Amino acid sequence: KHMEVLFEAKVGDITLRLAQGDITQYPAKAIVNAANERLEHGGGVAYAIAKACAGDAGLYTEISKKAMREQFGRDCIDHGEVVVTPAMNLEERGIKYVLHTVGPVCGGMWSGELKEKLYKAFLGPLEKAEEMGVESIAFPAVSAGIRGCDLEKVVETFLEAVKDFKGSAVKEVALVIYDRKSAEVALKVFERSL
C-alpha cells in the first residue's frame, strides 16, 4: 500500500490515526472524497478516487450524480451532506463505500463561518458511516487542495469533529495525507492537540 502510519491515539472508543500515502490504498471500509458540490470528479483526490473505483473518472462522476439524485432529489450537495456510492474496483482492497463530502472555498482565508462549513464537511461522513454501521473510515484533508484552506486549520477542524463525534459502530478513523511535507505539518498538529 506504500502507506506510513505517523501517529496513533485513542479519542474515546475511536482509534485515530495519521497516515501518509494514497487514500485509495487505505484499509478502511469507507473512504471519504473531498468533492465539489456537483460531484464532478475532474481533479484532486476526487479524480484519484473516481479513477480507482470505476477505472474511468467520468464513469464514476455519472454513478455519483445518479446516487446524489436518488439520495437527495437534487443535483448538488451542501456542506455536511454526504452522498454514498459503491467503491466498485476498490472492494478488492477492503473498501466498500465512498462517502462524498464538500468543504468550503477558503482561497487562503480563514474565519468562523469557513470553519463551521469545514467542521460540517468532516462530521457529516462520521455520522453517515455511523448510521450505516461502518467500523472504519479514512479521510483526506478536505478543502486543503484546490479550495485553498490552510492545511494546519483543516487538520485542527478535523480533530474537533472527531472529538465531538458520538457513535457505537465507528471504531477506527484515519486522516490520510498524500504529500510527505504536508504529512509533517499534520503530524505537528496531532502532537499538540492530543
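We number the residues from 1 along the sequence you see.
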query	finding
Selected stretch [higher average CA B-factor]: 96 to 104 or 112 to 120	112 to 120
Between 7 to 15 and 169 to 177 (mean CA B-factor, as deposited), the higher	7 to 15
Candidate set 140, 133, 43, 125 [ranked by C-alpha B-factor, highest]	43
Most elevated Cα B-factor in the entry, residues 49, 149, 162, 155	149
Third of the chain's Cα B-factor distribution that residue 182 belongs to, per the entry	highest
Chain third (lowest, middle, highest) by recorded CA B-factor, residue given as residue 77	middle
